[PDB]
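What follows is a single structure, written as structure tokens, with notes after it.
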There are 2 protein chains.
Amino acid sequence: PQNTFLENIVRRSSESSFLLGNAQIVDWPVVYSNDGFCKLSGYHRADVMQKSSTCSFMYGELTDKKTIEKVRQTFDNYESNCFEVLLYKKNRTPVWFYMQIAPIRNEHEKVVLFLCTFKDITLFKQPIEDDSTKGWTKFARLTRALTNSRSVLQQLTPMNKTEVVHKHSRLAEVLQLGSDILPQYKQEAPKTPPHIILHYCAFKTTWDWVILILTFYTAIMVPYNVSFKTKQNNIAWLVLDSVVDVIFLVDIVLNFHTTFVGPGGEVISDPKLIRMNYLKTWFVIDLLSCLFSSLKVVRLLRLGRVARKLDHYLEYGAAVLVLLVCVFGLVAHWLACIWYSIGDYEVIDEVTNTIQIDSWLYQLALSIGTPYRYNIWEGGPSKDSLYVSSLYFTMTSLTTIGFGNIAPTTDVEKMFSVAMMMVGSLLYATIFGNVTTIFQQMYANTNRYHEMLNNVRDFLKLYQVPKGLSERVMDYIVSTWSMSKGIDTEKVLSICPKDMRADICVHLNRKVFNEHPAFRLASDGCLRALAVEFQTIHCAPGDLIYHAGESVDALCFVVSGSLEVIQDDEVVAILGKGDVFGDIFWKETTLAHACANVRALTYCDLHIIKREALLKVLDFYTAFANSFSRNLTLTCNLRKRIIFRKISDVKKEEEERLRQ
Amino acid sequence: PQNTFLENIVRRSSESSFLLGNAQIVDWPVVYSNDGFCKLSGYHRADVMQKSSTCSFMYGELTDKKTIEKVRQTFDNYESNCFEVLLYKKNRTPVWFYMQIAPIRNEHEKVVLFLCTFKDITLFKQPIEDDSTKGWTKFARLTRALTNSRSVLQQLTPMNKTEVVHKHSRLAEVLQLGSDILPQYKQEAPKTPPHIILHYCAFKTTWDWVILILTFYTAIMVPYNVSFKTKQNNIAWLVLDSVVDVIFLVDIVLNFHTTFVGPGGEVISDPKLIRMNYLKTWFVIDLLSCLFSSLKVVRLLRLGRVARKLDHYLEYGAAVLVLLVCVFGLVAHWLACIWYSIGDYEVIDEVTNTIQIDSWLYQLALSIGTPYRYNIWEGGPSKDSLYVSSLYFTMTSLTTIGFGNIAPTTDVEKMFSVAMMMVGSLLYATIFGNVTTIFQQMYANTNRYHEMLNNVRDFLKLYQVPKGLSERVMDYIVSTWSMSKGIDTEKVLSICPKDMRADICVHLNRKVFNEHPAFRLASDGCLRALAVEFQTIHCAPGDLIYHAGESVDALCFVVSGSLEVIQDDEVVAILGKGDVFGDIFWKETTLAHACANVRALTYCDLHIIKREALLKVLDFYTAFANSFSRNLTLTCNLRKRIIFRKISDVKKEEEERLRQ
């Protein structure tokens, strides 16, 4: 999202003299000249290569009407031109121009922007300068005088038996320009060529979720079909697998239409880079996966889809807590399938026919009740019972519980069971991503116990003091807890830029700036020079803020609550809404001191600025010493001693005068 | 707890001219004018809308006795009045007054406060000003001249065929005032309307504990009655459940008489807000809970009471350690009930009648000894044995121990047992809120081992030095441990307000301020300007504090212990109680230097202030340069060289003079 003049202009654009043209009034520039104007064709900035696109000061020649009003007139008119204006170049000649302007209008709907494409040729038609006439200096040196537009595409002689090509690329090249330059101040689409899907579109995320679901389906269902050797003849499961496979094929195809993430920048949507990137990084595995026992068991490599893109959805919420139990279930299922395979291999009696009284299948058949019969060895536990028993055994082993009604008995089973035990140990160690959330809970427990210890030890080490003080401390600590629960206001603002931290400080206050009728005529410059300095205090009842105990060093305002100002054990000031106390500093440069015992009534909020950071801003913004030095209504200055008369002493002092 | 003039005055009060009246002597104010006096009825602050309630300076008219001493006399008398004094308003007229004052006395028992309610009407009786007499400017413009009291309640013409209503609301409105304004400086009750229970009353906490106990009762006892299908015909358990239900109904009713917690502020005790709050948030669940198998099993939703208010009592002490074992017991009981239900469903033989030789009930009956008999299938393990066996099995599974004498054998039991294993894994992971307290213990272990490593590695990296130095270091480290165990004095004081941190600093010292006879005539302004700067050091024997190795930059006092002052290997100064050393700075502005080798005798405590922070305070408190510059008794200044005579050299030097 930008004014779109250089994000993709440094790569495909060509020689030009790109202007800005963005409302103007005064003189009128050309600014930077692109793709071949570093230091060999024109002047530098702060000059006619930064300003003054009116053909002038690139002059160094004679005043001809043929050289003055050719392009200098039809610049802000933009229809079509080939006129030859004079703009001095390296060859020191009365340069004469061919071009093909291309018009465009604006984005802000104000007739602001124009494409402003130049070509700036000299040699092609006539150089007629006569600084030195030593034969071939201007007649046959025609091919050596200028190195600019000629050195862009066609570096040979302008005629060179190819006059048409040379004079049809510098007279009219709008065919290769126009849409080839990034159009206007239109906030550009985030680098999206046609028929490419952005990797943060609402479509791609749904596609990823669908492929994840199908990956879990295949990981769950393939080993079960491999081990239990169920008869394949069916209807529903016969066609669903083909649908799943074709979905993965569609995913492989569609992976060439998605944006590739850049190395630290933003999206890279090059139609060529994406293809080689994918082919190099992850095409072989998906090719093998989505193509007999080996053929149907190699399909497990589809888990690369989950492994590769795991970062997108690891923390959509409380998802790791589900991921761990999911991998637990999958490893349990795989080990159960292997266990049933071993059990089925052990029985069948290792050739001949004599039931092994050892392998756990015989024991399961004996315990359930259904025995083995010989017809040729048919009849036994049903398929569902076999699978659930295998899963139950693997669950007993992996959770490190162990029951023993189903347990290894033969030799091979014992070689398997030790490896299964070690893998289960490692995995049960791995499970503790959940005791992280449990650790947040138990850490809250420790923090509460810590605050309890803090309170008790503080109270004891105090050598004991009047309990009112401890009560005040406890109330203040719990209060400061319950408007600032966990996250502070300081560390948050120290990880910010200077300007965005100023933004945070300016929209934090918003209650004297946008509510008090003094901050009106300041858009963003005075306020952000001040709003970074108002600190908001949450007052507490009974507090002495600027009592006869300190020196006045801060203007204060009230936004929520009321402040009490004692004047030697007697009162006139209880403040209301938007009421100021404290000495004025904008026309005084004079100091006041401790002449009050100001108390606090409610749970108030004050806005306080130190003296040092207030005078500086108003000094710099001296023009704002008019709107913030006459619109402040002084409620009660702590500078002049207020005046206020007893109704219960004058009566009695006049009474005491008649008796004496 | 406040002077109670605006906490609930901005919402229900009406137009008035609220005064302060809080002892006075000098001139006598009116201060702020409420509910309709922003900028359209009177002047601004620092004026007769901040001071001078004597009717004056709001004058702009002629001196009539009818306009001078109507309300200006009967202001500090407060009996009853309708007199028409002159107070200039927007309409530029000799304003004439109707009011009804309401009297009140004080809170401090000194005849201080008065309610001071005004009405300030102009138009009603007679405006007789003649600035412009163009027909209807004062005769029919009567309804447009003033926008103040008329724009409060009755905005129409004073007569408007409703003279009684208009002239009975601005002549006497004490019926709608008085108790409708927050009364006096009486420290107000914490916003308690009648017949509402505060959520921190000693009653509500007991109610919460009782409902928690009954919730645990019902959660324990309902599933047992659901599963074991015990005969309901009884006496004690027949009526107790009804009592429990009526207690929950009483709780539902009483939940509309409790204070609702505010969004970050303090209690909200609005009789209307509480009702809708509760009804929206948690009424439906409690309605369903406290209304056949479904009817008696839906009662478990009473756990919302425990879940909702869990924050109040999570850390009354070591309570999480009990909460975890409680939830462990409850989940064990629920799973045991489900297990017994499955076991009882399996036997009964799934229609027909032939005992299943698989389900664990048959195995339990065989192992205990009591078999099953057919009469129709009656006789077996007793109810208590059945329940305890189910609980034992669920405990074996949940603690991941596993024994195997009672183990799943059938099919359904194995489908249940795997889900039970996974849930047990998650819950046993969750249990570690206890290894938090164990973590405090084991963290103490690590900290001790850390200090051991610290000591050893320091000693070795020292490249070895005389062992006395290491002994001093070790003693100092353990000493600084054993008066500052864990909690410091710095981080505690950096989370404090400026004033409350000053409070902590002022009552930390208390041993020269309240014990030395120099800090007497300073209430809270001088001391808190100094007490923030005395830092207390705990001295160590043998230490050289201000020896001939540094420059004197701090006054010091002794509070506990004694200091030794060497004068070139000979002594006169060993200090006692409240004894000062160091050069004086209040009448010198002169510097001293290293002229001693002052040692340390006991484990002493000194109070030290840097030079920079002592001269400033006494300069500002120049009037206190009289009570703290003549009441300090100089024990031994490190400024003048002390004088003290050998008794073992003069004798011997006179001896050596007779032999030479």
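Along the chain as shown, the residues are counted starting at 1.
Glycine is no exception: its Cβ is also placed from the backbone N, Cα and C atoms.
Cross-referencing B:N160, B:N375 with Swiss-Prot, the residue annotated as N-linked glycosylation site turns out to be B:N375. Note on Swiss-Prot: of B:106-111, B:178-183, B:400-405, the range annotated with the feature motif 'Selectivity filter' is B:400-405. Check Swiss-Prot against the ranges B:292-312, B:439-459, B:628-648 and you find transmembrane segment recorded for B:292-312. Under the criterion of 3 or more C-beta pairs below 8 Å, with sequence separation of 6 or more, the transmembrane segment (B:319-339) and the transmembrane segment (B:415-435) qualify as touching.
Across the candidate stretches B:234-254, B:292-312, B:415-435, the maximum count of CB pairs under 8 A to the transmembrane segment (B:208-228) is reached by B:292-312. For B:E533 (nucleoside 3',5'-cyclic phosphate binding site), the number of other Cβ atoms no farther than 10 Å from its own Cβ, over all displayed protein chains, is 16. Taking Cβ pairs closer than 8 Å, the topological domain 'Cytoplasmic' (B:255-281) reaches residues 190-193, 195-199, 204 in its own chain, all 6 or more past its ends. Counting Cβ atoms from all protein chains shown, B:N375 (N-linked glycosylation site) has 6 others lying within 10 Å of its own Cβ. The least crowded of the binding-site residues B:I608, B:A623, judged by other CB atoms within 10 A of its own CB, is B:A623. Taking H, G and I as helix, E and B as strand and the rest as coil, DSSP gives the domain 'PAC' (B:81-133) the counts 0 helix, 0 strand, 53 coil.
Under the DSSP three-state reduction, B:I608 (nucleoside 3',5'-cyclic phosphate binding site) is assigned to strand.
When the Cα atoms are compared, B:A623 (nucleoside 3',5'-cyclic phosphate binding site) and B:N375 (N-linked glycosylation site) turn out to be 110 Å apart. The separation of B:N375 (N-linked glycosylation site) from B:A518 (nucleoside 3',5'-cyclic phosphate binding site), Cα to Cα, is 103 Å. A count of other CB atoms within 10 A of each Cβ picks out B:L563 as the most crowded of the binding-site residues B:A518, B:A548, B:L563. Taken residue by residue, the topological domain 'Extracellular' (B:409-414) breaks down under DSSP into 4 helix, 0 strand, 2 coil.
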